[PDB]
Amino acid sequence: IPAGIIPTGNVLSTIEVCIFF
Amino acid sequence: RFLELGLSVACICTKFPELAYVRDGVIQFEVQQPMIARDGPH
Amino acid sequence: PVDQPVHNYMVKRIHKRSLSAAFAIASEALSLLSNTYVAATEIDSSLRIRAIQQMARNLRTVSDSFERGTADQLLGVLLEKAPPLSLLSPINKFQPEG
Amino acid sequence: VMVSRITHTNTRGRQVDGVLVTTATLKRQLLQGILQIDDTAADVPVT
Amino acid sequence: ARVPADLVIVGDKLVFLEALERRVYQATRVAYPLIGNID
């Protein structure tokens, strides 16, 4: 894998709110 | 007011104008269990 | 004329430890890896970045596990490297010369 | 006799007035709750 | 580097007073030491 990204460093995951319609 | 009140530090107030039309909603969390690194290979 | 300097030369054994951890990979991750390793006009960028992000998350978790366990091992060895107070202090006080 | 040219003083500058000698047992036993620390270092002449 | 860590004076020498139970030993299946027992 070509990483080319910051090595995580305390990953801030995202809360996703799901809307049902 | 509510936010200036000290009790508001127990809540995360966020605006949601499009809420009266919600039928429905769910949120998800992805907590995982940390592991200690036992040194020997098993 | 009875005094003379005296020297002491202590030498230590270095002991030996190691590290090991488990980290599994799915075949689909490797397959999407293969196209991303040759990243070109093809190979869905969104799926590639999703897979690499997930794999990097898991890899960094298992990597930080090592530093997490280093403290465990060190505290264990110091715990194994200590006598009780109630057995050391009395000799430490009640022995003027030996 | 109060004779001195350069004397031993605390960090602030107030001159010290004497020395008390004992073993570390009473150092810790007096320092724990009986007497009050003034400072950690002091001004001392070099000659 | 500046890292938050408590520290306490005892006797005449400064010592770290640590209870390392929170930064490690949660959601992991290894028992905490210092809880030996006695007979």
# chains A, B, ... in the order shown; residues from 1 in each chain; ligands from 1
$ residues_around --residues "region 24-26 of chain E" --least-positions-apart "4" --cutoff "7 Å" --atoms "only C-alpha atoms" --output "short mmCIF file (atom, residue, chain, number, x, y, z; two decimals) with N, CA and C atoms, in the first residue's frame"
data_model
loop_
_atom_site.label_atom_id
_atom_site.label_comp_id
_atom_site.auth_asym_id
_atom_site.auth_seq_id
_atom_site.Cartn_x
_atom_site.Cartn_y
_atom_site.Cartn_z
N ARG C 68 1.60 0.18 24.70
CA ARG C 68 0.72 -0.08 25.83
C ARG C 68 1.24 -1.22 26.70
N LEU E 20 -1.56 3.65 37.81
CA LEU E 20 -1.81 3.43 36.40
C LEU E 20 -2.81 2.30 36.22
N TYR E 32 -5.10 -7.06 36.56
CA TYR E 32 -4.21 -6.04 37.10
C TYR E 32 -3.32 -6.64 38.19
#
$ closest_atom_pairs --of "chain A" --to "chain C" --cutoff "10 Å" --atoms "only C-alpha atoms" --output "tab-separated table"
residue	atom	partner	partner_atom	distance
A:1	CA	C:37	CA	5.7
A:2	CA	C:37	CA	6.4
A:3	CA	C:52	CA	7.7
A:5	CA	C:53	CA	9.3
A:6	CA	C:56	CA	9.9
A:7	CA	C:56	CA	7.6
A:8	CA	C:57	CA	7.0
A:9	CA	C:60	CA	8.5
A:10	CA	C:60	CA	9.3
A:11	CA	C:57	CA	7.7
$ atom_distance --atom1 "CA of residue 89 (chain C)" --atom2 "CA of residue 19 (chain D)"
29.2 Å
$ select_by_dssp --residues "chain C" --states "helix (DSSP H, G or I)" --output "MDAnalysis selection string"
chainID C and resid 27:37 45:79 85:93
$ residues_around --residues "residue 5 (chain E)" --least-positions-apart "3" --cutoff "12 Å" --atoms "only C-alpha atoms" --output "list in words"
residues 1, 2, 8, 15, 16, 17, 18, 19, 20 and 23 of chain E
$ write_last_selection --atoms "N, CA, C and O atoms" --output "PDB file, in the first residue's frame"
ATOM      1  N   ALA E   1       9.251  17.714  26.801  1.00  0.00           N
ATOM      2  CA  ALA E   1       7.861  18.015  26.476  1.00  0.00           C
ATOM      3  C   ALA E   1       7.024  18.175  27.740  1.00  0.00           C
ATOM      4  O   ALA E   1       7.369  17.644  28.795  1.00  0.00           O
ATOM      5  N   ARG E   2       5.918  18.904  27.622  1.00  0.00           N
ATOM      6  CA  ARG E   2       5.035  19.178  28.751  1.00  0.00           C
ATOM      7  C   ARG E   2       3.836  18.241  28.659  1.00  0.00           C
ATOM      8  O   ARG E   2       3.030  18.344  27.729  1.00  0.00           O
ATOM      9  N   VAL E   8       4.163  14.603  43.612  1.00  0.00           N
ATOM     10  CA  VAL E   8       3.951  14.869  45.027  1.00  0.00           C
ATOM     11  C   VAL E   8       5.285  14.809  45.760  1.00  0.00           C
ATOM     12  O   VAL E   8       6.143  13.971  45.474  1.00  0.00           O
ATOM     13  N   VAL E  15       8.593  12.744  44.121  1.00  0.00           N
ATOM     14  CA  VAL E  15       8.287  11.434  43.561  1.00  0.00           C
ATOM     15  C   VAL E  15       6.959  11.495  42.817  1.00  0.00           C
ATOM     16  O   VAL E  15       6.010  12.157  43.250  1.00  0.00           O
ATOM     17  N   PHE E  16       6.908  10.821  41.672  1.00  0.00           N
ATOM     18  CA  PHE E  16       5.645  10.588  40.989  1.00  0.00           C
ATOM     19  C   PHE E  16       4.775   9.661  41.825  1.00  0.00           C
ATOM     20  O   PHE E  16       5.245   8.644  42.343  1.00  0.00           O
ATOM     21  N   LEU E  17       3.499  10.013  41.953  1.00  0.00           N
ATOM     22  CA  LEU E  17       2.517   9.180  42.641  1.00  0.00           C
ATOM     23  C   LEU E  17       1.507   8.766  41.578  1.00  0.00           C
ATOM     24  O   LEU E  17       0.655   9.560  41.172  1.00  0.00           O
ATOM     25  N   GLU E  18       1.611   7.523  41.120  1.00  0.00           N
ATOM     26  CA  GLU E  18       0.846   7.053  39.976  1.00  0.00           C
ATOM     27  C   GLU E  18       0.033   5.820  40.343  1.00  0.00           C
ATOM     28  O   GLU E  18       0.469   4.990  41.147  1.00  0.00           O
ATOM     29  N   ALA E  19      -1.150   5.718  39.751  1.00  0.00           N
ATOM     30  CA  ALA E  19      -2.101   4.635  39.959  1.00  0.00           C
ATOM     31  C   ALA E  19      -2.533   4.070  38.621  1.00  0.00           C
ATOM     32  O   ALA E  19      -3.720   4.019  38.293  1.00  0.00           O
ATOM     33  N   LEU E  20      -1.559   3.649  37.815  1.00  0.00           N
ATOM     34  CA  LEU E  20      -1.811   3.434  36.399  1.00  0.00           C
ATOM     35  C   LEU E  20      -2.807   2.298  36.223  1.00  0.00           C
ATOM     36  O   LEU E  20      -2.442   1.119  36.157  1.00  0.00           O
ATOM     37  N   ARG E  23      -5.202   4.572  32.113  1.00  0.00           N
ATOM     38  CA  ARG E  23      -4.595   4.633  30.786  1.00  0.00           C
ATOM     39  C   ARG E  23      -4.400   3.238  30.206  1.00  0.00           C
ATOM     40  O   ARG E  23      -4.263   3.077  28.987  1.00  0.00           O
TER      41      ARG E  23
END
$ interface_residues --of "chain C" --to "chain E" --cutoff "10 Å" --atoms "only C-alpha atoms" --output "PyMOL selection string"
chain C and resi 68-69+71-72+75-76+79
$ closest_atom_pairs --of "chain B" --to "chain E" --cutoff "9 Å" --atoms "only C-alpha atoms" --output "tab-separated table"
residue	atom	partner	partner_atom	distance
B:32	CA	E:27	CA	8.6
B:33	CA	E:27	CA	5.3
B:34	CA	E:27	CA	5.9
B:35	CA	E:28	CA	5.2
B:36	CA	E:28	CA	6.2
$ write_last_selection --atoms "N, CA, C and O atoms" --output "short mmCIF file (atom, residue, chain, number, x, y, z; two decimals), in the first residue's frame"
data_model
loop_
_atom_site.label_atom_id
_atom_site.label_comp_id
_atom_site.auth_asym_id
_atom_site.auth_seq_id
_atom_site.Cartn_x
_atom_site.Cartn_y
_atom_site.Cartn_z
N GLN B 32 -14.13 0.08 20.03
CA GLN B 32 -13.48 -1.22 19.96
C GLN B 32 -12.65 -1.46 21.21
O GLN B 32 -12.35 -0.52 21.95
N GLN B 33 -12.32 -2.72 21.47
CA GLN B 33 -11.68 -3.09 22.72
C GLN B 33 -10.16 -3.00 22.58
O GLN B 33 -9.59 -3.70 21.74
N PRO B 34 -9.49 -2.15 23.35
CA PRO B 34 -8.02 -2.12 23.31
C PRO B 34 -7.43 -3.42 23.84
O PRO B 34 -8.00 -4.09 24.70
N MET B 35 -6.26 -3.76 23.30
CA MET B 35 -5.58 -5.00 23.65
C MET B 35 -4.21 -4.70 24.25
O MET B 35 -3.49 -3.82 23.77
N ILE B 36 -3.86 -5.44 25.29
CA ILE B 36 -2.51 -5.39 25.83
C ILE B 36 -1.61 -6.27 24.97
O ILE B 36 -2.05 -7.30 24.44
#
$ interface_residues --of "chain B" --to "chain C" --cutoff "7 Å" --atoms "only C-alpha atoms" --output "JSON, numbers by chain"
{"B": [35, 36, 37, 38, 39, 40, 41]}
$ write_last_selection --atoms "N, CA and C atoms" --output "compact mmCIF listing (two decimals), in the first residue's frame"
# COMPACT_ATOMS: atom_id res chain seq x y z
N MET B 35 -6.26 -3.76 23.30
CA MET B 35 -5.58 -5.00 23.65
C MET B 35 -4.21 -4.70 24.25
N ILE B 36 -3.86 -5.44 25.29
CA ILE B 36 -2.51 -5.39 25.83
C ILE B 36 -1.61 -6.27 24.97
N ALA B 37 -0.36 -5.86 24.80
CA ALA B 37 0.56 -6.59 23.92
C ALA B 37 1.34 -7.61 24.75
N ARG B 38 0.77 -8.80 24.87
CA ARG B 38 1.50 -9.93 25.43
C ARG B 38 2.67 -10.22 24.50
N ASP B 39 3.87 -10.37 25.07
CA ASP B 39 5.08 -10.33 24.26
C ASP B 39 5.33 -11.63 23.51
N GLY B 40 5.14 -12.77 24.16
CA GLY B 40 5.40 -14.04 23.53
C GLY B 40 4.38 -14.39 22.46
N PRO B 41 4.81 -15.10 21.42
CA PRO B 41 3.90 -15.42 20.31
C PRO B 41 2.98 -16.59 20.61
$ residues_around --residues "residue 45 (chain D)" --least-positions-apart "6" --cutoff "9 Å" --atoms "only C-alpha atoms" --output "PyMOL selection string"
chain D and resi 6-8
$ write_last_selection --atoms "N, CA and C atoms" --output "short mmCIF file (atom, residue, chain, number, x, y, z; two decimals), in the first residue's frame"
data_model
loop_
_atom_site.label_atom_id
_atom_site.label_comp_id
_atom_site.auth_asym_id
_atom_site.auth_seq_id
_atom_site.Cartn_x
_atom_site.Cartn_y
_atom_site.Cartn_z
N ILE D 6 31.55 38.74 53.49
CA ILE D 6 30.41 38.22 52.76
C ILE D 6 29.93 36.98 53.51
N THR D 7 28.63 36.94 53.81
CA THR D 7 28.08 35.94 54.71
C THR D 7 27.10 35.05 53.95
N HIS D 8 26.55 34.08 54.67
CA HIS D 8 25.57 33.16 54.10
C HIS D 8 24.17 33.74 54.29
#
$ closest_atom_pairs --of "chain B" --to "chain A" --cutoff "8 Å" --atoms "only C-alpha atoms" --output "Markdown table"
| residue | atom | partner | partner_atom | distance |
| --- | --- | --- | --- | --- |
| B:22 | CA | A:19 | CA | 7.3 |
| B:23 | CA | A:20 | CA | 6.8 |
| B:24 | CA | A:20 | CA | 4.6 |
| B:25 | CA | A:19 | CA | 4.8 |
| B:26 | CA | A:18 | CA | 5.2 |
| B:27 | CA | A:17 | CA | 4.7 |
| B:28 | CA | A:16 | CA | 6.6 |
| B:29 | CA | A:15 | CA | 6.9 |
$ closest_residue --among "D:42, D:1, D:37, D:31" --to "chain E" --atoms "only C-alpha atoms"
D:31
$ atom_distance --atom1 "CA of residue 12 (chain E)" --atom2 "CA of residue 28 (chain D)"
7.1 Å
